[PDB]
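Report on the structure given below.
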Amino acid sequence: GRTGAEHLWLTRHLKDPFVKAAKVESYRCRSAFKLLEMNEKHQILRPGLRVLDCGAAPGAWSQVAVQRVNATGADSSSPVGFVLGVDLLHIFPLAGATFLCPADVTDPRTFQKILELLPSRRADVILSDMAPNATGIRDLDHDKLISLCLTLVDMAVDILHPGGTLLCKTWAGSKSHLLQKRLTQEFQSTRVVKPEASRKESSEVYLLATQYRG
Amino acid sequence: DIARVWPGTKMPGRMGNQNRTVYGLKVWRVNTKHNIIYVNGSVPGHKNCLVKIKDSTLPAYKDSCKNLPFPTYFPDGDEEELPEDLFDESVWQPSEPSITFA
Amino acid sequence: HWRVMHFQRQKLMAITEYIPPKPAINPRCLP
RNA sequence: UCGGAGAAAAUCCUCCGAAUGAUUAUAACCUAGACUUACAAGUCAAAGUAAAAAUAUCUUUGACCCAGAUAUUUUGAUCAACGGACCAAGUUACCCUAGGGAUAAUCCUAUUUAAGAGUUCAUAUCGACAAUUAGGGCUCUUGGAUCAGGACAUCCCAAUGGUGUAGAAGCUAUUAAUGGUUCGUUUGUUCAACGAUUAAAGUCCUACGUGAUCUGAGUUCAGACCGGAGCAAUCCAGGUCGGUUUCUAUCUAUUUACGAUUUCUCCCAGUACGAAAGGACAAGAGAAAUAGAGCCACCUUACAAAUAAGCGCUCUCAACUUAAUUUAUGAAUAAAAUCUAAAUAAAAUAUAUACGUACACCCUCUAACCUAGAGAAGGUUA
RNA sequence: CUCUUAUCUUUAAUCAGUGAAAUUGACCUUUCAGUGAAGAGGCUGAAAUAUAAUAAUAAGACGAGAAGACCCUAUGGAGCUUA
RNA sequence: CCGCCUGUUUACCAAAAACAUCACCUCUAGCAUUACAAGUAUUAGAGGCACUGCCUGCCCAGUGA
RNA sequence: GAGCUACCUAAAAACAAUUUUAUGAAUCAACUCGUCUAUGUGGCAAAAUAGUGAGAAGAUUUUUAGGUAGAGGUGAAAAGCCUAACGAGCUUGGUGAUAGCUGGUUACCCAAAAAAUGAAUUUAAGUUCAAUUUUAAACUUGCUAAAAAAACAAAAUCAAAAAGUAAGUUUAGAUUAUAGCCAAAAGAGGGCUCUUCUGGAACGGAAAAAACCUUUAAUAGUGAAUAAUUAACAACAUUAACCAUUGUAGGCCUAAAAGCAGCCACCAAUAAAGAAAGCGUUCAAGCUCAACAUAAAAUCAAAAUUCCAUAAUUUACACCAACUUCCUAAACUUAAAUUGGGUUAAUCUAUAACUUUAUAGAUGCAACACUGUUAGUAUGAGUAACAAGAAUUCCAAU
Ligand SMILES: Nc1ncnc2c1ncn2[C@@H]1O[C@H](CSCC[C@H](N)C(=O)O)[C@@H](O)[C@H]1O
Ligand SMILES: [Mg+2]
Ligand SMILES: [Mg+2]
Ligand SMILES: [Mg+2]
Ligand SMILES: [Mg+2]
Ligand SMILES: [Mg+2]
Ligand SMILES: [Mg+2]
Ligand SMILES: [Mg+2]
Ligand SMILES: [Mg+2]
Ligand SMILES: [Mg+2]
Ligand SMILES: [Mg+2]
Ligand SMILES: [Mg+2]
Ligand SMILES: [Mg+2]
Ligand SMILES: [Mg+2]
Ligand SMILES: [Mg+2]
Ligand SMILES: [Mg+2]
Ligand SMILES: [Mg+2]
Ligand SMILES: [Mg+2]
Ligand SMILES: [Mg+2]
Ligand SMILES: [Mg+2]
Ligand SMILES: [Mg+2]
Ligand SMILES: [Mg+2]
Ligand SMILES: [Mg+2]
Ligand SMILES: [Mg+2]
Ligand SMILES: [Mg+2]
Ligand SMILES: [Mg+2]
Ligand SMILES: [Mg+2]
Ligand SMILES: [Mg+2]
Ligand SMILES: [Mg+2]
Ligand SMILES: [Mg+2]
Ligand SMILES: [Mg+2]
Ligand SMILES: [Mg+2]
Ligand SMILES: [Mg+2]
Ligand SMILES: [Mg+2]
Ligand SMILES: [Mg+2]
Ligand SMILES: [Mg+2]
Ligand SMILES: [Mg+2]
Ligand SMILES: [Mg+2]
Ligand SMILES: [Mg+2]
Ligand SMILES: [Mg+2]
Ligand SMILES: [Mg+2]
Ligand SMILES: [Mg+2]
Ligand SMILES: [Mg+2]
Ligand SMILES: [Mg+2]
Ligand SMILES: [Mg+2]
Ligand SMILES: [Mg+2]
Ligand SMILES: [Mg+2]
Ligand SMILES: [Mg+2]
Ligand SMILES: [Mg+2]
Ligand SMILES: [Mg+2]
Ligand SMILES: [Mg+2]
Ligand SMILES: [Mg+2]
Ligand SMILES: [Mg+2]
Ligand SMILES: [Mg+2]
Ligand SMILES: [Mg+2]
Ligand SMILES: [Mg+2]
Ligand SMILES: [Mg+2]
Ligand SMILES: [Mg+2]
């Protein structure tokens, strides 16, 4: 009863080295690796920082952050750091983390909750991995994602701290140029980063931009 | 598994040139002078091809033969001379006034 | 599942089955 | 390699020990007869003679050759791969030749049982403990296209029983295989998921049904890189990029009709039913969609040909013979009992061939022509 | 691609001329169920059945040619590296 | 993403990210009548390796000085 | 062997047009190379054709002659190339290399016969020794059976005397074989896997049928008696008919729990009635059971192509069926490596014979089979494939 398209997708999943690697290394999903590889080459995460992770579910990226920012606090000497997770789906508890599930970033009342809980009302870096449910129409799916990212930039002023970083997940299309225009203004420079763990067939790509000013 | 081909399998071959029948075609008009019949729709075969005509054998039209000439039509009797053109009531004859959908 | 018996053994069982004796007259029909 | 204990004369079966040590008043030579044994090696011993005034008990290694020692008698092996080569390790996906292979548990379904769930009430709907000559599924070939044959353990369409069935929705069970059973897409998800629909998007068998019909991965190599090993050559049931199977059909088999499925709107009727909210049967009518068979007046696309095509147009039906079930008359059985593997009378799915349509003719042929055609055949001829 | 259609050239088919290749135990060379080494044109039980050509399809003859690959053996080899 | 660039390679399944390459670095050598070379340390041979700038640069013997 | 290819030496040669500049620049022919797709696959071609692509004044391409040779040469390293087949060329010779591995090994008849257990082995795809078998010879006890009486622990040894019966030991010579298969018993590791005892290898039977059952060898016959032999003949064998009054609703936190939630008692009247065997009631009511009279009968069992001999319930206890056995004539008894013996086809020589023979002596002495060698002829198949522009007054014509 499985169609050819469904069969091809599953075989890719079965042979995937990264999915096996996460199982060995106690990571909830393959995604965490993408963050780790990017972090090594850009040192985005350091001890003592405040981090906001959107679209946490399952929560794999959160596990990466807590170790890096010393949110666990096991290393007494290392400066402690804060990690927050926001996702519509429920998150089973993790050590040294706070999970606002179920909540939608678009909603206003969620924003007030985030501000109060975050340390001193500001978060150094904001991590976004959210992607809408894929309908199967390239433009429709791409457009909504770009809109979701643009709204995040609008709220970035209130929550993001000067000198902060932004990492967002996106899809290529006909509206990518507008995304470059906005990010250019707020931050000094932006980078288009594609990890090796991100699948070659996928059109997914990331944007790394740092040094928030006004 | 069977190690053979079933009889009746569909394969390339000569097509057409076979007897076929069309059921339930209405008669719209008859021309007595030239012995012409007008039949709804399509009939098998090319032009100038001979065909076989008989009244319908469908269940609905079981006993419509009573109204029609029972043995056959004899003009030799000459009881009355028929009009050159015979029509059906729904038919709009030419030379009638233009139809207005009042 | 009963393990099958060698045909020679099966022949032995068929010949040695219990046979009851039958009366000449049924008791009910008698006075 | 050798010995001891169990299984008990098998074992890769269950265990322990041995490559000696202590004490010895010192244990000679010679010789009938035997055990054990493939060979080789290994055990015991009368009589006679001789020293003394007869046996040391504990209880387990190594052939031949070849070198030793001394004054003729003696000594040399974790040759332990232990019947023992005087002295030699890796690696091969660059590989070659000769060949041999090959290529109970679980779990769900169905029967039996019936504590407890079900406000009350075992069996409307479920259901412990169990029961089932019960069914069927440290590691390491499948997709797709095309065309489908078949099973029923039925997803939809059809005929029915029960209900914790008022109507409308539902839950459960019986009968039946008739034709059907869609289109796109991967951010996360250990043999998953998402968008839009449908009357429905069934479960399975047929050497992945099907590669001498086609094609994508992998099996899997010759090149090259990273990560982890190795002094190296190289290596990995680790990542990735690139990458060679050809076939003219000999045989079997096969290649020229049929009597239709489903959905929607209207009507019954905003009625029946129901306190309201809500909301149908059956019977009647009209539209479509797909499937099959044909056709060219029009439209559209070609031959800038008289024709062929679809995107255009037309036509599609009958049930003698039944199953689950429900009624009528009526005995066994004292009736006002009972549908009856009692004698009888009826109604009721899917199927199908009793019943029709189509076909039927006996046939000249120089040749020419043809809306007939590969050849042959067939049609036409002031 | 939905969803295929039309025309011309090459091939194909008929006539005339010349004329190969792999292949081949013998063949008077059928279907269904059963038996069997996942296996039957040839065996068991049923059934069907005048004789021969020409043009087509590729289910079977575990169809033909595979110097096609994986596993194992030999007191058979060769290249490379060393400690 | 990889490689600096034009070039080269498995004639008959691989043209590439591999090989070469300017640039930069290490090691060996003071000398003539057949190569190096009728040459002599700014020369010749062998080998490694992208260039460019930019952070990180420390086994001088310690303290006085 | 460098006429191909790799690199080098000497002498020669080619590069249009356009834009840039002043060049391993640009566009793009000639020329050189070979990215991608289809066709082709005994092909036009043992690497091509048709399109499409990269470079094209340079580390460019091309011609002629010379050089380096296999323990080697050459290499902008692909373990590339060195005359179509190089992880190491080709030719001749050593050479009839070696092969515990694969294939083959040519007339008849008679006779006998295996197990395929134990031991050692760089041994397990092989070999040697025991054990088996066998031919010959010498001469004397063997096989089945086997009392007691032991040894064992609480059917294997042992073998007196007898009986049925014909083998057994010693000596000499010699190979082959050293993996079995299925049925039926008893165990042991848990359907396999081992160990132990018995049996089998139809031409008849069980449907076809190595291993189950009937069957002492093999001969002719138009005789006969028999053996084994897939079929067998769904219920019954303590009740059905009529009824019901009461002490009081028995106690008990249970409101109440009244025969019935309990909880102990469980008594009473009446012919006959449980402080009730069930239902059911908030408890009560209500429905039953047993009682009242009145009747009657009489335990386990015979799924996926298409169904698959045809049929049949009663005639008297038999018949049919294997060279098994008998009869006429004869014969003298049971798969196979290996082992012991009698004949004979053909040709040559000696000596004979004279339409093809005899006794001896000899040998290139016998082929339905080695993807055997050579020659011939079929099959596929009269198949795949191959070819010449037109008319005329004519092919060195128009
Ligand atoms: N607009 C939105 N607001 C909040 N959560 C959102 C969102 N869009 C998507 N998400 C959630 O973010 C996740 C994105 S899809 C899965 C990606 C996963 N977070 C990963 O780590 O790869 C889903 O859980 C989805 O529900
Ligand atoms: Mg994708
Ligand atoms: Mg068949
Ligand atoms: Mg003595
Ligand atoms: Mg040894
Ligand atoms: Mg040994
Ligand atoms: Mg390699
Ligand atoms: Mg089908
Ligand atoms: Mg059913
Ligand atoms: Mg096939
Ligand atoms: Mg390529
Ligand atoms: Mg590949
Ligand atoms: Mg590969
Ligand atoms: Mg044919
Ligand atoms: Mg209606
Ligand atoms: Mg009656
Ligand atoms: Mg009645
Ligand atoms: Mg011809
Ligand atoms: Mg025949
Ligand atoms: Mg068959
Ligand atoms: Mg047969
Ligand atoms: Mg075939
Ligand atoms: Mg073909
Ligand atoms: Mg074959
Ligand atoms: Mg060996
Ligand atoms: Mg050797
Ligand atoms: Mg050797
Ligand atoms: Mg490059
Ligand atoms: Mg280039
Ligand atoms: Mg070169
Ligand atoms: Mg090549
Ligand atoms: Mg290239
Ligand atoms: Mg190439
Ligand atoms: Mg390189
Ligand atoms: Mg040359
Ligand atoms: Mg040349
Ligand atoms: Mg020029
Ligand atoms: Mg080249
Ligand atoms: Mg270029
Ligand atoms: Mg160019
Ligand atoms: Mg140029
Ligand atoms: Mg290399
Ligand atoms: Mg290599
Ligand atoms: Mg050569
Ligand atoms: Mg030899
Ligand atoms: Mg044995
Ligand atoms: Mg040895
Ligand atoms: Mg061997
Ligand atoms: Mg005796
Ligand atoms: Mg006999
Ligand atoms: Mg024999
Ligand atoms: Mg000979
Ligand atoms: Mg031969
Ligand atoms: Mg011929
Ligand atoms: Mg042919
Ligand atoms: Mg042909
Ligand atoms: Mg031809
Ligand atoms: Mg020509």
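Residues 26-239, in that order, are what chain A shows, numbered as in Swiss-Prot.
This deposition comes from electron microscopy, 2.9 Å.
Even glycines carry a Cβ here, placed using N, Cα and C.
Per Swiss-Prot, the S-adenosyl-L-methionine site holds A:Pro83, A:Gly84, A:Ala85, A:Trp86, A:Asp112, A:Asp129, A:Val130; the candidate it also names there, chosen from A:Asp100, A:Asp149, A:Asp154, is A:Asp154. Cα of A:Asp129 (S-adenosyl-L-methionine binding site) to Cα of A:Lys194 (active site, proton acceptor): a span of 17 Å. Long-range neighbours of A:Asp112 (S-adenosyl-L-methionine binding site) (same chain, six or more residues apart, CB within less than 8 Å of its CB): A:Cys79, A:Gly80, A:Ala81, A:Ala82, A:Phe124, A:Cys126, A:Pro127, A:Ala128, A:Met155. Sequence-distant neighbours of A:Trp86 (S-adenosyl-L-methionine binding site) (same chain, 6+ residues apart, CB-CB distance under 8 A): A:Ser56, A:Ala57, A:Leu60, A:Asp78, A:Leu152, A:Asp154.
In this structure, the CA atom of A:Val130 (S-adenosyl-L-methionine binding site) is 15 Å away from the CA atom of A:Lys194 (active site, proton acceptor). In this record, S-adenosyl-L-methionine is bound by A:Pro83, A:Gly84, A:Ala85, A:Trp86, A:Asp112, A:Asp129, A:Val130, A:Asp154; the longest C-alpha to C-alpha distance in that set is 19 Å. A:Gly84 (S-adenosyl-L-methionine binding site) and A:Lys194 (active site, proton acceptor) have their C-alpha atoms 16 Å apart, to the nearest angstrom.
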